[PDB]
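J.: Below is a structure I'd like to ask you about.
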Amino acid sequence: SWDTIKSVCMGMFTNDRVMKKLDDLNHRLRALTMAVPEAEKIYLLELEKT
Amino acid sequence: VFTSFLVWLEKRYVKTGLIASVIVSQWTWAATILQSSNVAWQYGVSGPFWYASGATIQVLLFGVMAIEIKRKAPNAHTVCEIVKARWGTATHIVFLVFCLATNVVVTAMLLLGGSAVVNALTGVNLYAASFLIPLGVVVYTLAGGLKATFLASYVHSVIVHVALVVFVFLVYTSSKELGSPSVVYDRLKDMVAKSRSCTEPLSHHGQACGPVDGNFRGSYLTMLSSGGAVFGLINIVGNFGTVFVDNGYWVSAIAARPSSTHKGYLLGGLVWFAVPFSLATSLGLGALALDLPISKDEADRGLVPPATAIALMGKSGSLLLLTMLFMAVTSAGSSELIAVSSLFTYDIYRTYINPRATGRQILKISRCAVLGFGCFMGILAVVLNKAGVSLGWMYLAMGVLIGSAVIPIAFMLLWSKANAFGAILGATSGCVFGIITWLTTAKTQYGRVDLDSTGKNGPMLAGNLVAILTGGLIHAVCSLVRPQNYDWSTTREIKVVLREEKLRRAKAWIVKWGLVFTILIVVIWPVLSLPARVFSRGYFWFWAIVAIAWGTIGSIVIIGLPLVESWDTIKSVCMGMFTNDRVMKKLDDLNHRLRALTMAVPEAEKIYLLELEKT
C-alpha cells in the first residue's frame, strides 16, 4: 500500500489539492469565454493593454 | 536521495561555467587523494608537481577527441562500436577484452585504496569492507537513473574543494604545530643533516631519515631529484591508457556537445591541477615535518593523508577526510559500473545475441550487469588484498598491461591510412613484450621476482616505455605496406536506436590555447626553477603561496560560477517554495477572464455597481 502513503504525504506538505481545484474553474470559465461572441474579443483587447 | 529530491524540486517548478565542473568531478578518484601524497612523502617537492602535470595534459587533448566524436561517428554508445564498424569482427573482441581489463584495473585500484583507509581509521575488518564497498556504489548507480548528469556531479566537486581549503589553511596558517610555512622549511632541513644517525634501533630500515638517494645533495627541497623524473615519465604513459581505453570517458565525450562548450574543457583542466598539487604539498609534506613513524610499505598502501589528518585534527579531521574520500570513490566507481554495463549491453547482447532488442529488454540487462560486475569486484578485491598488493603497485603497473592498445585507438580517429589486422599484432605483441621485459628487468638486477622487486621505478619504466612504443611501431610499420584510404563514411552509418565550420573553429581554438599551457606548465616551469639548486628560505615561501593561491582561486570559481551562470532557475525554485506566487498568479487569470464576461453582458455590469456601493 504505497499509493495511500503517497496520497497522504502529498496532501500534507504540498498544496496540490488547492491548485487542482483552480484548474477546474479555469476550464469551466474557458467554455463561458468561448461561448459569448464579443467577450472573447474583449479579453484579447485587455490582454495586450496590460 | 539528495540528488533525487533536488531534481524533483527543479522539475516541479520548471556552458563554460558548469561543464568545467563535471570534468573536475569525472577525473578525480581515490588515487588522486592517496597516491599523490605517497610520492610527496617519498621524494619531497618534485612529487606533487610531477604527479599533477602528467595527469593534466590529457584533459586538454581529449577535447580534440570529442570533436571527432561529433564529426566522424555521431550518435554512438561505446568505443567498441566504432572499431566494429571500421575494422570488421576480427578486432571487436581483441579491443573488448582490453577495454574490460582497463575497467577492472581502474576499479580494483579504487577498492584497494578505499578499504585500506577505512581499515586503519575505525577498526572495521579489512576483508569485510573490501566486499561491502561495491554495494553502496551499486545502490547509487541503480537508484537515481543510469546516465547521471550535471546536478549530481556539481555536488561532488563542492565537497572535495570545501575540504581542500581546510587542509591548507590548517597546515600552513592556523595549526599550532606547524603554523607557518617558515616552520615547515625549518623541519625539512633537519631530516637531511649529515650528523643524523638513525641505524638500529633509532630508526628502522626503509623510513624517512637521512639523505634521500637520488636528489641533489640529498634534500627534500629541490626539483633536480632523479626519483621524481622517472615517476613523471611513468605517470604520462600510464594515464594515456586510462583515458583512451577506459571507455568510461567516451560515454562522457558522447553526451557532451563541444560545439558551444570548448572553453569548458580548458577551464576544467586548470582547476583540477590544484586538487593533487595543493593537497599533496600540505598533507604530504606535513608528515615529513612531524617525523611521523610511517613505514615504506604503509605509504605504498595510501595511508599518509590519514596519518597527517589524524595527527593534526583528531576526530574532526579524520571524519572530514573520510567524507571527502568516500565522496570521491563512489562518484568514480559509478562511472565505471555504468561504463562496463553499457560495454556489455550495446557491444555484445545486440551484435551477436539479440539484434532486434526493444526499449524494455535493454533496460533490464543494463540493470543486472551493474549488480553482477559489482559483486565480482567485491570478490576480486579480497583475492588481491590477501596477496600484499597495494594501491601504489597497481598505479605503477596499469600502464604495462593496457598501454599497448593506446596508439591503435588514436589511429582509428585521426589517421586514414590505419589498416585492419594491424592492431591484431600491435595490441598483442605490445602486452607480451612489455610483461616479458618487466619480468626480466625485475629479475636480472635484483635476483627475485616478487611484489617488492616489481614495484620500483627501474623495472616499471622499462616496461611502460616498451609497451607504449612497440605497439605503435609495429602498427605504423604494417600501415606503410597495406594502405586503407578509409573514407570515414561507414562509421557514420550507425543505427540511431555551417555545422562543420563551428567544429573546425572549436578544434583550432582547443589546439592553439590548449598546447600553449602544456608548454608553459610541463616545459617552462621545471626548467625555470631548476637553476635554484636548493630552495632558499624565501623561494619556498613563493612555492607555498602559489600552491595556496591555486587552491583558493580555483576553488572559489568552481563553487561560484555554476551558481552565477544559472541563477534564474535557483530564483524560480526559491520563489516556488517559501512564497505563494503560483497561487496568486492563477487567480489573476480568472479575474481577467471574468472581467470580459462582466463587460459583455449589458445589465450584469450595472448590477455589479449596484452591489459594490450597497456593501
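To be explicit about the labels: the chains of the C-alpha cells are called A, B, and onward in the order shown, and within each one the residues are counted from 1, while ligands get numbers from 1 in the order they are shown.
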Write down, as a PyMOL selection string, each residue of chain B that has any atom within 8 Å of an atom of chain A, counting only C-alpha atoms.

T.: chain B and resi 583+586-587+590+592-597+599-600

J.: Write out as a PDB file with N, CA, C and O atoms, in the first residue's frame which residues come within 9 Å of residue 462 (chain B) when counting only C-alpha atoms, dropping same-chain ones fewer than 3 positions away.

T.:
ATOM      1  N   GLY B 434      55.946  -6.099 -23.225  1.00  0.00           N
ATOM      2  CA  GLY B 434      56.071  -5.298 -22.021  1.00  0.00           C
ATOM      3  C   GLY B 434      56.176  -6.146 -20.770  1.00  0.00           C
ATOM      4  O   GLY B 434      57.022  -5.899 -19.910  1.00  0.00           O
ATOM      5  N   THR B 437      59.636  -7.945 -20.709  1.00  0.00           N
ATOM      6  CA  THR B 437      60.715  -7.029 -20.353  1.00  0.00           C
ATOM      7  C   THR B 437      60.639  -6.631 -18.885  1.00  0.00           C
ATOM      8  O   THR B 437      61.666  -6.569 -18.197  1.00  0.00           O
ATOM      9  N   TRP B 438      59.429  -6.367 -18.390  1.00  0.00           N
ATOM     10  CA  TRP B 438      59.239  -6.040 -16.982  1.00  0.00           C
ATOM     11  C   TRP B 438      59.786  -7.143 -16.088  1.00  0.00           C
ATOM     12  O   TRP B 438      60.552  -6.884 -15.152  1.00  0.00           O
ATOM     13  N   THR B 441      63.715  -7.561 -16.362  1.00  0.00           N
ATOM     14  CA  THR B 441      64.429  -6.472 -15.711  1.00  0.00           C
ATOM     15  C   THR B 441      64.293  -6.542 -14.197  1.00  0.00           C
ATOM     16  O   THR B 441      65.266  -6.296 -13.475  1.00  0.00           O
ATOM     17  N   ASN B 457      60.992   2.033  -9.501  1.00  0.00           N
ATOM     18  CA  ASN B 457      60.977   2.867 -10.697  1.00  0.00           C
ATOM     19  C   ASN B 457      61.907   2.362 -11.789  1.00  0.00           C
ATOM     20  O   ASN B 457      61.930   2.953 -12.873  1.00  0.00           O
ATOM     21  N   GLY B 458      62.669   1.303 -11.540  1.00  0.00           N
ATOM     22  CA  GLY B 458      63.554   0.751 -12.536  1.00  0.00           C
ATOM     23  C   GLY B 458      62.841  -0.141 -13.532  1.00  0.00           C
ATOM     24  O   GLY B 458      62.860   0.108 -14.741  1.00  0.00           O
ATOM     25  N   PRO B 459      62.204  -1.211 -13.048  1.00  0.00           N
ATOM     26  CA  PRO B 459      61.503  -2.106 -13.982  1.00  0.00           C
ATOM     27  C   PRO B 459      60.235  -1.509 -14.562  1.00  0.00           C
ATOM     28  O   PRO B 459      59.914  -1.775 -15.726  1.00  0.00           O
ATOM     29  N   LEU B 465      57.549   2.022 -21.126  1.00  0.00           N
ATOM     30  CA  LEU B 465      58.054   2.621 -22.355  1.00  0.00           C
ATOM     31  C   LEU B 465      57.953   1.647 -23.520  1.00  0.00           C
ATOM     32  O   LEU B 465      57.447   1.994 -24.593  1.00  0.00           O
ATOM     33  N   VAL B 466      58.415   0.411 -23.321  1.00  0.00           N
ATOM     34  CA  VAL B 466      58.377  -0.551 -24.416  1.00  0.00           C
ATOM     35  C   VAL B 466      56.938  -0.901 -24.776  1.00  0.00           C
ATOM     36  O   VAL B 466      56.610  -1.034 -25.960  1.00  0.00           O
ATOM     37  N   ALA B 467      56.046  -0.999 -23.785  1.00  0.00           N
ATOM     38  CA  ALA B 467      54.658  -1.340 -24.071  1.00  0.00           C
ATOM     39  C   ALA B 467      53.985  -0.253 -24.896  1.00  0.00           C
ATOM     40  O   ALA B 467      53.202  -0.545 -25.806  1.00  0.00           O
TER      41      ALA B 467
END

J.: I need the alpha helix (DSSP H) residues of chain A per DSSP on the backbone, written as an MDAnalysis selection string.

T.: chainID A and resid 3:10 16:35 37:47

J.: Quick one: pull the distance between CA of residue 389 (chain B) and CA of residue 430 (chain B), Å, one decimal.

T.: 24.0 Å

J.: Which value, in Å to one decimal, gives the distance between CA of residue 577 (chain B) and CA of residue 4 (chain B)?

T.: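 Pair CA of residue 577 (chain B) / CA of residue 4 (chain B) returns 16.8 Å.
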
J.: Near region 477-485 of chain B, counting only C-alpha atoms, which residues have an atom at most 9 Å away, once you skip same-chain residues fewer than 5 positions from it, shown as a list in words?

T.: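 Once the nearby chain positions are removed, what remains is residues 416, 417, 418, 419, 420, 422 and 472 of chain B.
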
J.: Mind dumping the selected residues with N, CA and C atoms as an mmCIF file, in the first residue's frame?

T.:
data_model
loop_
_atom_site.group_PDB
_atom_site.id
_atom_site.type_symbol
_atom_site.label_atom_id
_atom_site.label_comp_id
_atom_site.auth_asym_id
_atom_site.auth_seq_id
_atom_site.Cartn_x
_atom_site.Cartn_y
_atom_site.Cartn_z
ATOM 1 N N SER B 416 43.811 8.149 -41.710
ATOM 2 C CA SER B 416 43.078 7.421 -42.738
ATOM 3 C C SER B 416 43.806 6.153 -43.164
ATOM 4 N N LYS B 417 45.136 6.137 -43.073
ATOM 5 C CA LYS B 417 45.936 5.010 -43.531
ATOM 6 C C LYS B 417 46.077 3.917 -42.478
ATOM 7 N N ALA B 418 45.198 3.889 -41.480
ATOM 8 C CA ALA B 418 45.218 2.837 -40.468
ATOM 9 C C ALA B 418 44.489 1.620 -41.019
ATOM 10 N N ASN B 419 45.220 0.530 -41.230
ATOM 11 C CA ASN B 419 44.671 -0.650 -41.879
ATOM 12 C C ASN B 419 44.004 -1.561 -40.850
ATOM 13 N N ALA B 420 43.613 -2.753 -41.289
ATOM 14 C CA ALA B 420 42.985 -3.750 -40.441
ATOM 15 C C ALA B 420 43.953 -4.899 -40.194
ATOM 16 N N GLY B 422 46.272 -4.996 -38.368
ATOM 17 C CA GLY B 422 47.499 -4.462 -37.802
ATOM 18 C C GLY B 422 47.415 -4.367 -36.292
ATOM 19 N N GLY B 472 52.761 0.814 -31.235
ATOM 20 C CA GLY B 472 52.692 1.841 -32.258
ATOM 21 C C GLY B 472 53.698 1.619 -33.369
#

J.: Set the distance at 12 Å and use only C-alpha atoms: which residues neighbour residue 366 (chain B) once local chain neighbours fewer than 6 positions away are removed? I'd like the list as a list in words.

T.: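 Using only C-alpha atoms, the neighbours found are residues 141, 142, 145, 146, 147, 337, 338, 339, 340, 341, 342, 343, 344, 345, 346, 347, 348, 349, 359, 360, 372 and 373 of chain B.
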
J.: Pick out the closest residue to residue 236 (chain B) from this set: B:511, B:563, B:93, B:396. Count only C-alpha atoms.

T.: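 Using only C-alpha atoms, residue 236 (chain B) sits closest to B:396.
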
J.: Just the number, please: distance in Å from CA of residue 317 (chain B) to CA of residue 121 (chain B), one decimal.

T.: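 A separation of 11.3 Å between them.
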